[PDB]
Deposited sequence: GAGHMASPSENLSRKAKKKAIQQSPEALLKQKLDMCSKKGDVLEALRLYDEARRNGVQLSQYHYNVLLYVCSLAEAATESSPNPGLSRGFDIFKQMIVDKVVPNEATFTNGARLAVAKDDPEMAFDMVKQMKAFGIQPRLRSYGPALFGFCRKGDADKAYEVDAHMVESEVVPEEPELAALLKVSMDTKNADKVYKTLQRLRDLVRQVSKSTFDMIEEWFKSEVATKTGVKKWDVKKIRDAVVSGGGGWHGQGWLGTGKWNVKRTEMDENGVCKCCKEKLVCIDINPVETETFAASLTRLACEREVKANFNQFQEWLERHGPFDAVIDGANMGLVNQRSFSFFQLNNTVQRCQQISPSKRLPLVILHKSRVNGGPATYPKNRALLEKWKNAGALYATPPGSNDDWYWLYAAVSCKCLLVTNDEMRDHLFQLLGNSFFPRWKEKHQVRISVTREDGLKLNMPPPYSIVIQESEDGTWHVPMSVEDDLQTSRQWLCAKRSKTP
């Protein structure tokens, strides 16, 4: 067919890197009357984005036509898919015209298409480089109306543009957004927040009289750990890099941070999403069978990721480390409940006979579920800990794609409250590291003192740095 030739020839044009040939083949198809489908359009947008814009004379027809091709795709009502948005975005990034990036997003919306987060990036980061705060806030308002949630890079851009234009109101609001959506901040956002609090504008914003009643009312109302009523106090901020002790006490100022509740209704929603997500990947009958088993067992104070407890920091599966963990979890259980061990059936059948007999004893005591061949254990230990409302014992770093499906609002908060990690020393052996008695999140106290935590990969490996910003 003629459409299958365009497909065949554009495939090679990208793989060569010839944009001029892809643009010739584009026009030939219009002069031949051949309709372009999803696939054809995506390859052109990608191919066009291999071009750069000229430092000397007007930009090259690869990028210029790229946007025209995109505009035409939308006009034609060719359905965009995830490769469309990626390509249109990398076209916008190479072009580096924030104004034109923002047009694509406006077209998408005009034609009933839901823009992606990566669509907004070129516009937002361009306007930020340029210092055009008003345009950045336009892009932001457009995301909000499109219900596309920013992540940390977009929020940091918004923060920095707000700092650049002395807009203390936007700094405040953006800081609350970081609290709400990100919780702990990257190193570059952390440095940026420190600069804000040390700056003249920050020194010069505030109020020395305020209604203590309305603040306290706002603290109750927000769920705790913030009030949202604006900057309080006056004068220079004391801004110190510091740490929290194990009880959430700031080492600089002695403020004890608060522990923020989780709403049990959000937990039930999450439980249902786990079930849905798991059923999509596991054999449905396997996950059902586990849920039915779980309904007939328990109660549990803890759930163990048995593969991770056998393997973390080991050359091969350590039954010693699994068993030591089981024993320690049982010892801290107020009634000495055995923890529920989730482990692959292949690993249940350990080749030292007393260990195999113990694994079978645990099963017989209602405290071991052997997951079937082909299963991903993670769904099982997550579903169990969530549903049994108990501790989850795993050092899984949660780098896997699976965990990205769980979202970045509820699940990180839940994890903080439920996750136990093991650590081992030469001197002392194995230790359980329990959930902290405070929430590791940006906090704003009732007198307007701020504590801002840095994000780290593992906070047992890394001593987590915090900012303490307190009026002098």
Can you list the gaps, numbered from 1 on the deposited sequence, where no C-alpha is modelled? 1-23, 373-375, 499-501
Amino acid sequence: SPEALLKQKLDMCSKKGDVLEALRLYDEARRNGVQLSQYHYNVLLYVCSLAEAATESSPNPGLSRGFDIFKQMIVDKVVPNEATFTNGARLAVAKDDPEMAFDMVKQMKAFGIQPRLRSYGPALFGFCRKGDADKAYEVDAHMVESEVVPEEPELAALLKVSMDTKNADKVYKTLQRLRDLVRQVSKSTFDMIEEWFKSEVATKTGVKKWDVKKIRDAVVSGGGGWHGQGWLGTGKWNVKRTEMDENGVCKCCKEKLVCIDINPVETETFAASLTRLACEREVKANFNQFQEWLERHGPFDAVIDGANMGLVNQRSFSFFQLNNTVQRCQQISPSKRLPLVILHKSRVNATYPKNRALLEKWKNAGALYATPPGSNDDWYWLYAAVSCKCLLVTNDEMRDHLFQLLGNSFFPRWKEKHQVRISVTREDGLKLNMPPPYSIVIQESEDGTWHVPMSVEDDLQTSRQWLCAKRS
From here on, numbers count along this sequence of modelled residues.
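Superpose the two forms; the largest set of C-alphas matching within 1.5 Å is the rigid core.
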393-401 or 175-183, the stretch lying farther from the shown form in 7 other deposited structures of this protein by root mean square CA distance over structures and residues, after core fitting, is 393-401
More variable segment, 436-444 or 57-65 [Cα RMS over structures in 7 other deposited structures of this protein, core-superposed]: 57-65
What stretch has the higher average Cα B-factor here, 53-61 or 429-437? 53-61
Using only the Cα atoms and their B-factors as the entry lists them, report which of 417-425 and 24-32 averages higher. 24-32
Among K336, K170, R281, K95, where is the Cα B factor highest in this entry? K95
Of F111, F320, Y380, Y369, which one's C-alpha B factor is largest in the deposited record? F111
CA B-factor placement of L406, once the chain's modelled residues are sorted into thirds: middle
Once the chain's modelled residues are ordered by C-alpha B factor and cut into thirds, is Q72 in the lowest, middle or highest one? highest
Taking the values exactly as deposited, rank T351 by C-alpha B-factor within its chain and report the matching third: lowest, middle or highest. highest
Quick one: classify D180 as lowest, middle or highest third of the chain based on its Cα B-factor. lowest
Using the B-factors in the PDB entry, rank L10's C-alpha atom against the chain and give the third, lowest, middle or highest. highest
